Amino acid sequence: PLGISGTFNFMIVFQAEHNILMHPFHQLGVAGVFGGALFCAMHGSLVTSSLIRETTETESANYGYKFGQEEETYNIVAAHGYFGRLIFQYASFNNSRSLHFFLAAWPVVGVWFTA
Amino acid sequence: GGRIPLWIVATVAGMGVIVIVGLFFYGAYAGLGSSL
Amino acid sequence: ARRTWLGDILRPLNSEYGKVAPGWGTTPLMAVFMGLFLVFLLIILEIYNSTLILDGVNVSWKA
Amino acid sequence: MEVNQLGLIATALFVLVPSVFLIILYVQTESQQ
Amino acid sequence: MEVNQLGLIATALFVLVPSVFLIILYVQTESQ
Amino acid sequence: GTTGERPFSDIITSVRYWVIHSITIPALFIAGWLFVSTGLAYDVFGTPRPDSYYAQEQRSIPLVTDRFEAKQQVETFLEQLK
Amino acid sequence: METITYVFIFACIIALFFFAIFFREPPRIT
Amino acid sequence: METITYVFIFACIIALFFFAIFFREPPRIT
Amino acid sequence: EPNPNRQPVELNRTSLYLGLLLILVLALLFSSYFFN
Amino acid sequence: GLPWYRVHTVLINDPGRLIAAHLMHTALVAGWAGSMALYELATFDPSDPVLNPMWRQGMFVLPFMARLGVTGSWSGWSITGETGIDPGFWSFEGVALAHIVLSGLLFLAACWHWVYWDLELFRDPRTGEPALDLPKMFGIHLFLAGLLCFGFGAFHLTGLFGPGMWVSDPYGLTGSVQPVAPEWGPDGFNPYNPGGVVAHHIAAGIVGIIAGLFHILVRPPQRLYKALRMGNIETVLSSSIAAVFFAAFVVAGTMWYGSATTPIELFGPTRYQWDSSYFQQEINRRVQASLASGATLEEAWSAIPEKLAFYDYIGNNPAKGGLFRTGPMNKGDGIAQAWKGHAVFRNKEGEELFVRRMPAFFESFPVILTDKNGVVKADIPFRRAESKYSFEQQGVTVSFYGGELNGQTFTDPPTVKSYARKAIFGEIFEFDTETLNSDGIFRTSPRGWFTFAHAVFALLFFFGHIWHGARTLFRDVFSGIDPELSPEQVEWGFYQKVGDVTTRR
Amino acid sequence: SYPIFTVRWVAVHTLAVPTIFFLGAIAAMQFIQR
Amino acid sequence: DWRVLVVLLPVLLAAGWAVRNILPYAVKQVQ
Amino acid sequence: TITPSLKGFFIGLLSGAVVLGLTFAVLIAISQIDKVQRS
Amino acid sequence: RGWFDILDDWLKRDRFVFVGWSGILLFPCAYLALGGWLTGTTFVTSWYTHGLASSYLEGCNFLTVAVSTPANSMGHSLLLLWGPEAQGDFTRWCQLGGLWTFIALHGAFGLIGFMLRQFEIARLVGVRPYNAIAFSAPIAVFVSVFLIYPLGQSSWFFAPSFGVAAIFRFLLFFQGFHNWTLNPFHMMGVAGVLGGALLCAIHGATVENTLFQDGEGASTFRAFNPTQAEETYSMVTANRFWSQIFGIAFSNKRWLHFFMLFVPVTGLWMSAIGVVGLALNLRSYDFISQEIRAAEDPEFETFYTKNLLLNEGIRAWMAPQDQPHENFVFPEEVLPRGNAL
Ligand code: CLA
Ligand code: CLA
Ligand code: CLA
Ligand code: CLA
Ligand code: CLA
Ligand SMILES: CC1=C(/C=C/C(C)=C/C=C/C(C)=C/C=C/C=C(C)/C=C/C=C(C)/C=C/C2=C(C)CCCC2(C)C)C(C)(C)CCC1
Ligand SMILES: CC1=C(/C=C/C(C)=C/C=C/C(C)=C/C=C/C=C(C)/C=C/C=C(C)/C=C/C2=C(C)CCCC2(C)C)C(C)(C)CCC1
Ligand SMILES: CCCCCCCCCCCCCCCCCC(=O)O
Ligand SMILES: CCCCCCCCCCCCCCCCCC(=O)O
Ligand SMILES: [Fe+2]
C-alpha cells in the first residue's frame, strides 16, 4: 500500500507468509543498509576528523573548503594513520578510489539482494 | 622463508574450509537438528 | 576594570590562577579514596541488587 | 467557563505573527550599522 | 474525529516558533 | 612502513612454520573432537544429552522459578530423571 | 486556559516596560 | 481542522522545494 | 564601555532551507500524534 | 560570523556575563517551579486522598513539596485529609510565591552582572586577563555544598529544626510527615530505610566539609592540572555533565523501583507491586485472619480499606500507559469513586474460580478463569462453535463481598462477563467518566513520566559529556589539524612511540 | 632479523588456537545421533 | 576422570613440538 | 555476622584485585625490559 | 621517568596492534564478550531458563543458536559467578543464564574501551575526534536496548538474547506488544539508517563517476597517489550533474562529510530514545481518535486497525511459549483467529 501504516501491514503479512527474516537475501539487505549507515558514519567522521585547519574557532569549519578548489581539504594520510591504528594498517584504505568504490558497492549489492 | 609458494597454501587452505563447511551442511540433514 | 567593595574583600580567593603542586603531589592519595569509593559504591549497588545480602538488611518496602 | 475553543489560537497568532514581523525588521536593522 | 483540541496549537507553535527563529537569523545575515 | 614484525606472507610460506603447525592445528582439532565425543562437554556445561531433556512420562519443561533456591531447583530436576 | 492567556499578555507588557525604560535608544544631542 | 493542518504543512514543504531549487545560493568557482 | 567579546551571528540561505525543512517534516511527523 | 549553535561561546572568557547567564537560568527555573505549583493548585482536587490522590491527578511538583513537609494550603485543607489546619507561611501557596519572588530578584541581579561585566575580581592581578581559579572555586563550592548537605540532614530531616520527611507504612496507607532518626548501621544503605537518608546527609555532609577544606587549601599537582586541562572551564562543564547524568540515572532508577524517597502515596505504586501481587497478598492475608476470628466473608472483605484495594488495580500500574496518552490518570479510566467489592466467581459445581490477571505487557488480554489449582475452568471464547468453557456452559456466577456491591450475586451471563472483564485488572471500582470526559484508556502516573524524562535526559547528557570532554582534550585541533603535519608522525615505523617525535629512527 | 614472540603473536594465537579446538568440537557434533 | 586427560593429551604434544622447533630461535631474545 | 554472599563478595573483590595486580605487574615488568630508545 | 612514564611508553609503542592505556580495558572485555558468545552458542543450552535448545551441541545451526537471557525469576540479578544464585558453581551458572550478563557487561565495558581507544589514538596522531563522537550512537543503541530496556521491565529475561533468530523473535515481540513500527522515534531511526545507506551509495557512486583521468589504464584505481595534493574527482561536474538531475547538489565537501556522520548517528540516537520509553511500556500503541470511532462505527476500517488485529494475534499465539514462567494456558476457543485460518 501507498501509506505509512499500509507499509507495515505489508511487512507483517509478508513475514507470516514467507519468513523473510529467515531468508538470507533479507539478511543481506540488513547487512547492506546497517553496513551502509556504518560506512557512511565512518567516512563522514574520518574525513571530518582530518580537515586541514583553514578557519578560526569562531567560524564554521565548512568555510575552509571553497567550491571548485583544486587542493583536498583533508589529510587522507592522517585519516589512514588514525584508522590504520584503530584496527590495523591493512584493514584501512590508502586509495580514495578503492575507498569510494567500496562505499558505492556495499549497500548497492545489499539492496540488490534484498530486492 | 618463502619456500612454499603462496598460491599452494591458498588452494590447500581453501579446500580445508570447503571440507569443514561442507561437513556442516551434511550435519543439517543427519543426526541432531535434521528433524528426523 | 571596575573595583568594588565586595570585589576587594573577595580578591584573594580568585588570585592563584595557575598555581600547581609540583610533580604528582597528592595523586597517590587521591587514587586511594577513589579505590575505596568504588568498593563502597559496589556495595551499595549489590545490596540494592540482592547480590549482596546482609543480616538485618531487608531490601523491601517492608522495611 | 465554556469559552470558544479557538479563542486561544486566535490570540496566540494575533500576538505572535505581527510581533515576529517587527522583530525580524528590527534585528536586521541593528546589524546594518 | 475526536482528536485532541490542543493538538492544533501544539502543531501551530511547533512550526511557527523555530521557523521564525531561523528567519530572523537569516534576514539579519543578509542585511550586512 | 613496517612496525617491525615479520610479514605474514613470509611466515606462512616458510617451511619452519608448517613443521610447527602440521602438528599443533590437528592436535587442537582432535582435542576439540575428543571434548565432545568423550561426552565431557555435556557435563562441564550442564547441557542435556538427547535422552535427558524430559523424564520418560513428562511433558513439562524444568523451568527455574526462584532466584535464590534456583541451583537447588535444577539439581532437583536432574535427580527426578534417574 | 483563558486565565493563563490574560496573565501572560499582561506579564509581557510589564517586561516590555522594563526594556523600554532601561534599554531604550539613548537620546543624544545632535 | 486536522486535515487542514496536515495539508497546510505538506503544501509549505512543496513551496520550500521551489525556492530551494530555483532560488538557491548559486554555487560559484572561487 | 563596550564589551569586547560580542560577535556577530550568521545563518546562510542554505542553512535556512535545511532548517525550515527539518522543522516542517518534524511537524508532519509528530502532528498526527499531537492530535492523537 | 558565529554559527547559530555556537552563539553562547561569547561567555567563555567573560566570567561576569557568565554569572549573568547563570542567574537568568536560575531565574527561569525558580520561575517554572512557582508557575507549575500555581497551575497545580488551580487544578488539584483535595477532597479525596483515598480514591483521588495527587498522583491520579497528574500532579508533578505537588509531591516534591509534600515529600519534605509542605502539606497544607492556605485555604485550610491538607493532603492528609485534615481540615481546618493552619500551615502558616509555608503552605503550597507560600512556597510557590517565594519561588516567583526569588525568580524576580535573580532577574534583577542578572541585569546587574550583565551590565557591569568588567569587575576587577575577574582579572588576574599578574596579567590582567580574565581568569578564574577553578580549583579554589571547587573547594569553596564543595565546602558550601557540604554545609548545606549536613544542615539539611542534621536539622530538617531529624526535626531538630525543621519538619522531617514523608514516611509511610509498607502499603502506603498511613503516610505523613515525621522527624526521622538516622540509621547508622548497615541498613542505612537499605534504600527503603528512611533513616539511611538522614545518616547519608550528616556523614556525606561532613565528608564534603572536610573535602572542601582540602580543596581550598591544597593545590592540584602539575600532572593532573595538565592532564585534565584545569585552566580551561570546559573541563568543568565536561565533568559536571558526567556527574549530572550519573545523578539523573540514579533518580530514574530509584523512582522506577521505589525507595524511601519515592513513596507510593505521592507518586503511585510501582510496576513491581503489580508484578508480584504485593497488594493482593496483603489483602488476602488480612482476609485469612478475619476468617480465623470467624467473621463472615462479607465481614472480612468489608474490613479491607478501600485505599488498599485501590492499590490492587492495574490502572494504577505505571507501566500501563502510553507516550501520547496525555494528562492525569483520571482522564483514562476515570475519577475513582468507590470499591465495588471483591468479586468471587463460581461455576455451577459450587467451585470458586479465579480470573487470570492481566500482565503489564498486554494492551489486551483474554478472560480465563482457573480453579485453585490453575486448571482452566471457564473462559470467554473467541470462536464459539466448539467452545467447551463458556460461562453459559459452566454456569459461572459472581458474588461481591465488601464494597458497594457487598452481598450481591449476579447470574445472568452478560453481567457476569462484564465483571469478569474488569477482574483481569484486579479489584473493581466505580468510576466517574463523565466529569473529565475520560476515554477509557490507561495513562501512566507521575512515577512513569518522571522516570521517562530523567532516563532520556541522562542519555542525552552522556552525549554532551562526550562532546565537551572531546573539546577540552582536543582544543588545539578544534578548527582543524596542523596544515603542515609531518607524514612521518602517521606512517608506521618512523617513531618507536606513537606521536612522540623524540623516538625517531 | 625479526622476533617471533610479539604482542601480535599473542593476538593471533589468542583467537587462532581456540577457533581450531572449537571447529573440531563442532565437527564431532555432526555425528551425534538422537 | 580419564576424560579430562585425553581432551588435553594431544594439546601438550602440540606445545612440545612447537617449543622444540622454536627453542633456539626463541633464546636469542636475550639482550 | 558474615553472610555467604559477603563471603562471595569478598572472593570476587579479591579475585578482581589479583587479576588487576598480575596484569599491571606483567606490564610494568615487560615495559622496564623493552624500553623505548630516544636520542 | 617514573615507572608510569615507562609503562606509558610501552603501551603507546607503534606495533601491528596498538595497545594503549585503553587496551587494558578493551582487549580483555572484547575477548570475553566474544569468547562467552562463541562458547555459549557452541556448548550451552537454554533449557532451564526458556525451555529451548540453543547450542550446536544440541543440534541448533548458526541461525538458531543463542546465548539466551536468564530466567525471569532471576530478576535483574548481576548473576555473578560467586553470587548467591550459582554460588561459584560454573556448570549451574551456565544453566542459569550467567553467560548472558557476562557477555552483556563485559561487552558494555569493551565498548567503553573501544571509544576510549578512538580518543587515545586520535590524540596521538593529531586528528580531531569525530570518529569517537560517531561511535556514541552504537553505544546509545547497546545501552538502551540491552540494559535500560530490561531494567524497566520485570527482568533480563525480556532483554534481547544473543542470537540471529533470537533477535528476530525480539523484533516481532516489539511489533505485537509495543507496536514499535508506529513509534516516531523508530521512524526517525529508520530514516537515518536508510538515509545513511543512501548517502553511502550515492557519494561512493558519484565520486567513482566524476573521477579525473589521471592515468591511461582502464582500471582507474591505479591513477591515485595517497599523497597527491589534487582532488581526484570533480566537485564541479558532480555538482552540476546533481543540480540538473535532482534539483540541488552539494557544493561544500566539508558539509558533505559532516552530513554523512550526522545522519546515521542522529538516526540511531533517536531510536535509542524510543526504546527508553518502551522500557516503561510508554509506547505509541494507539491513536485514540481512531479507536473511539472504530468502537462506535463497525464500518470504519483503516490500515491502523488492521495492524492491531495482527498484533493481537502475535501476542496470544506467541505468549505461552515465549514467556513460559507465566504458565499461560489458552484454550483453542479463546485464540483470536479469522475465518478458516
Ligand atoms: C553511614 C553513612 C552513610 C549512610 C547510611 C548512607 C546511605 C546512603 N547513601 Mg551515602 N554516602 C556516605 C555515607 C552514607 N550514606 C558518604 C560518607 C559518602 C561520601 C560523600 C556517600 C556517598 C554516596 C553516593 C554518591 C551515593 C550514596 C547513596 C546512598 C543511599 C544508598 C541507597 C540507594 O538508593 O542507592 C542507590 C544508588 C546506587 C546503587 C549507586 C548507583 C550505582 C550505578 C551502577 C551507577 C551508574 C553507572 C552508570 C552511569 C549507569 C549507566 C546506565 C545504564 C547502566 C542503565 C543511602 C541513602 C546513593 C544514593 O543517593 O542513591 C539515591 C548514591 O548515589 N551515598
Ligand atoms: C533558597 C533555597 C531554596 C529552598 C529552601 C527551596 C525549596 C524547595 N524547592 Mg526550590 N529552588 C531554588 C531554591 C530553593 N528551593 C532555586 C534557587 C531554584 C532554581 C534553581 C529552585 C528550583 C526548584 C524546582 C525546579 C523545584 C523546586 C522544588 C522545591 C521543593 C523541593 C526541593 C527538593 O526536592 O530538592 C531536591 C534537590 C536535590 C535532590 C538536589 C540535591 C543535590 C544533588 C544531589 C547534587 C549533588 C552535587 C554536590 C555538589 C555534591 C556534594 C558532595 C557531598 C559529599 C558534599 C522545596 C519547597 C520543587 C517543587 O515542588 O517546586 C514547586 C521543584 O520541582 N525548586
Ligand atoms: C521533567 C519533566 C516533566 C515531567 C515528568 C512532567 C510530568 C507531567 N506533567 Mg508537566 N510540565 C513540565 C515538565 C514535566 N512535566 C514543563 C516544563 C511544563 C511547562 C511546559 C509542564 C506543563 C504541564 C501542563 C500544562 C500539564 C502537565 C501535566 C503533566 C502530567 C502529564 C504529562 C503528559 O501528558 O505528558 C505528555 C508528554 C508527551 C506527549 C511527550 C512529548 C515529547 C515529544 C515527543 C517531543 C520530542 C520530539 C523532538 C522534537 C525530536 C527532535 C529530534 C531532533 C533533535 C533531531 C505529568 C505528571 C499535565 C497534568 O496532568 O497536570 C495537571 C498538564 O496539564 N505539565
Ligand atoms: C550544563 C549544560 C550544558 C551547557 C552549559 C552547554 C553549553 C554549551 N554547549 Mg553543550 N551540550 C549539552 C549541555 C550543555 N552544553 C548537552 C546535554 C549536549 C548533548 C545534547 C550538548 C551538546 C552540544 C553540542 C553538540 C555543541 C554544544 C555547544 C555548546 C556551546 C554553545 C551552545 C549554544 O550556543 O547553543 C545555542 C543553541 C541555540 C541557539 C538553540 C538550541 C535549541 C535546542 C535544540 C532546543 C532548546 C531546548 C529548550 C530551550 C528547553 C531546555 C532544555 C532543558 C530543559 C534541559 C556552549 C558552551 C556547541 C559548541 O561546542 O560550541 C563550540 C556545540 O557544537 N553542546
Ligand atoms: C579488563 C578488565 C576486566 C573488567 C573491567 C571486567 C569486569 C567484570 N567482569 Mg571480568 N574477567 C576479566 C577481566 C575483566 N573483567 C579477566 C581477565 C577474566 C579471566 C579470569 C575475567 C573473568 C570473569 C568472570 C568469570 C566473571 C567476571 C565478571 C565481571 C563483572 C564483575 C566484576 C567484579 O565484581 O569485580 C570486583 C572486583 C573489583 C571491582 C576489583 C577491586 C580492586 C581493589 C580491591 C579496589 C579497592 C582499592 C583499595 C581498597 C585501595 C588501594 C587503591 C589502589 C589504587 C592502590 C564485571 C562486569 C563476572 C560477571 O560477568 O558476572 C555476571 C564473572 O562472573 N569476569
Ligand atoms: C520582576 C520582579 C518580580 C516579579 C517576578 C515574576 C513575575 C516572575 C515570574 C516568572 C515566571 C512566571 C517564570 C516562568 C518561566 C517558565 C519557564 C522557565 C518555562 C520553561 C519551559 C520549558 C523549558 C519547556 C520545555 C518543554 C516543552 C515546551 C514541551 C515539552 C518538552 C519540554 C518539557 C522540554 C517581583 C515582584 C517578584 C520582584 C521584583 C522584580
Ligand atoms: C566464556 C568464559 C571464559 C572465556 C572463554 C573464551 C575466551 C572463549 C574463547 C572461545 C573462542 C575464541 C572461540 C572461537 C570459535 C571459533 C569458531 C567456532 C569459528 C568458526 C568459523 C567459521 C565457521 C568460519 C568459516 C567461514 C564462514 C562461515 C563463511 C566465510 C568463509 C569462512 C571459511 C571464513 C572464561 C575462561 C573466563 C571462563 C568463564 C567463561
Ligand atoms: C511561619 C511558620 C513556619 C516558620 C517559618 C520558618 C522560617 C523559614 C524556614 C525556611 C528554611 C529554609 C532554609 C534552607 C537553607 C538555605 C539557605 C540559603 O540558601 O541561603
Ligand atoms: C562462596 C562463593 C562461591 C565460590 C567462589 C568461586 C568463584 C571464583 C571465580 C572468580 C573469577 C574471577 C573473575 C573476576 C576477575 C575480574 C574482576 C575485575 O577485574 O573487575
Ligand atoms: Fe568522500
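Residues numbered from 1 in each chain as written, not as in the entry; some residues may be left out. Chains lettered and ligands numbered in written order. Part of a larger assembly, values for the part shown. Heavy atoms only, no water. Residues with missing side-chain atoms left out of burial classes, pairs and counts.

Enquirer: Just give me the short version of the site of ligand 5, but keep the residues and values in it.
Expert: The environment of ligand 5 is formed by 23 residues, the closest being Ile24(N), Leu78(N), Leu81(N), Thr101(N) and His106(N). Those residues lying near ligand 5 are distributed over chains C, M and N. Within the backbone of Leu81(N), one N or O atom sits 3.3 Å away from an oxygen atom of ligand 5. Here a nitrogen atom of ligand 5 sits 2.7 Å away from a polar atom, N or O, in the side chain of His106(N). At the level of secondary structure, the elements contributing two or more residues to the shell around ligand 5 comprise α2 (27–49) of chain C, α1 (4–33) of chain M together with α2 (20–43) and α5 (98–125) of chain N. Considered class by class, the residues forming the shell around ligand 5 number 18 nonpolar, five polar and no charged. (Near = heavy atom within 4 Å. Polar contact = N/O pair within 3.5 Å; in protein donor to acceptor, adjacent residues only side chain to side chain. Helix = DSSP H or I, 4+ residues; strand = E, 2+ residues; numbered from the N terminus. Nonpolar A, V, L, I, M, F, W, Y, C, P; charged D, E, K, R; others polar.)

Enquirer: Kindly report on helix α8 (residues 164–178) of chain N, identifying the contributing residues and their values.
Expert: Here α8(N) is 15 residues long and its end C-alpha atoms lie 21 Å apart, about the 21 Å a rise of 1.5 Å per residue gives. One or two steps after α8(N), the chain reaches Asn179(N), where phi turns positive at roughly 50°. (Expected span 1.5 Å × (residues − 1).)

Enquirer: Please set out the packing of aromatic side chains residue by residue, giving values where relevant.
Expert: Considering all chains together, one arrives at 106 aromatic pairs over all chains under this definition. When the ring of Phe44(J) is compared with that of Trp77(J), the centres are 5.3 Å apart and the planes differ by 50°; the resulting orientation is tilted. With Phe44(J) in the loop between α1 (15–43) and α2 (62–67) and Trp77(J) in the loop between α2 and α3 (92–115), the pair connects residues that are 33 residues apart, well separated along the chain. In this structure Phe44(J) comes out as buried when scored by relative accessible area, which is 11%. On the basis of relative accessibility, which here comes to 16%, the residue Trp77(J) falls in the buried class. With a centroid separation of 4.4 Å and an interplanar angle of 40°, the aromatic rings of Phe170(N) and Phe174(N) are classed as tilted. (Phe/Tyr/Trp six-rings, centres within 6.5 Å; stacked < 30°, edge-to-face > 60°. Buried < 20%, exposed > 50% of the residue type's maximum accessible area, 1.4 Å probe, protein only.)

Enquirer: Could you give an account of the coordination of the magnesium atom of ligand 5, naming the residues involved and the relevant values?
Expert: When only protein atoms are considered, the magnesium atom of ligand 5 has one donor, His106(N) (NE2), at a distance of 2.2 Å. In this fold, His106(N) is placed in helix α5. (Donors = N, O, S within 2.8 Å, 3.2 Å for Na, K, Ca; no water.)

Enquirer: Tell me about the site of ligand 4, residues and numbers included.
Expert: All names here are of chain J. Neighbouring residues of ligand 4: 14 residues in total, closest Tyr-5, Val-7, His-8, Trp-467 and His-468. A distance of 3.0 Å is found between an oxygen atom of ligand 4 and a backbone nitrogen or oxygen belonging to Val-7. A distance of 3.0 Å is found between an oxygen atom of ligand 4 and a backbone nitrogen or oxygen belonging to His-8. Considering every element that reaches the shell around ligand 4, the biggest residue donor is helix α15 (residues 446–473), with seven residues. Tallied by class, the residues present in the shell around ligand 4 amount to eight nonpolar, four polar and two charged.

Enquirer: A description of the UniProt feature "transmembrane region" in chain M should follow, citing residues and the corresponding values.
Expert: Taken from the UniProt record, the annotation "transmembrane region" applies to residues 6–28 of chain M. When the span residues 6–28 of chain M is considered, its composition is 100% helix and 0% strand, and the gap between its end C-alpha atoms is 32 Å. (UniProt positions renumbered as here; feature names shortened; annotations may be inferred.)

Enquirer: Any details on the interface of chain J and chain N? Residues and values, ideally.
Expert: Across the boundary between the two partners, chain J contributes 71 residues, which contact 68 residues of chain N. The contact between chain J and chain N buries some 5700 Å² in all, and 64% of this surface belongs to carbon and sulfur atoms. It is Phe361(J), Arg383(J) and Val498(J) in chain J that bury the most area against chain N; as a group they hold 14% of the surface buried on that side. Linking chain J with chain N are 29 residue pairs in polar contact, by the criterion used here. Taken together, the elements giving at least two residues each to the side of chain J that touches chain N come down to α7 (234–257), α9 (271–275), β6 (376–379) and α15 of chain J. If you tally residues by element for the side of chain J that touches chain N, the top one is α15(J), at 14 residues. Across the side of chain J that touches chain N, the residue classes tally to 42 nonpolar, 13 polar and 16 charged. (Contact = heavy atoms within 4.5 Å. Buried area = accessible area lost by both parts, 1.4 Å probe.)

Enquirer: Give me the lowdown on the nonpolar core, citing residues and values where you can.
Expert: Of all hydrophobic cores here, the largest spans 109 residues; its most connected members are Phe345(J), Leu369(J) and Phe43(N). When residues no more than four places from it in sequence are discounted, the contact partners of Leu369(J) are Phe345(J), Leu353(J), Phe354(J), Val355(J), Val375(J), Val376(J), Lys377(J), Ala378(J), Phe391(J) and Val396(J). Ranked by size, the runner-up nonpolar core spans 68 residues in total, among them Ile241(J), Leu124(N), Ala132(N) and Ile273(N). (Core = buried A, V, L, I, M, F, W, Y, C linked by side-chain atoms within 4.5 Å.)

Enquirer: Can you break down the pairing of strand β9 (residues 428–432) of chain J residue by residue, with the values?
Expert: Residue and element names in this part refer to chain J. Most of β9 is tucked away, with four of its five residues classed as buried. The pairing of strand β3 (residues 335–346) with β9 spans five bridges and is antiparallel. Within β9, the position partnered with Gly-341 by the bridge is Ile-428. (Pairing = 2+ DSSP bridges.)

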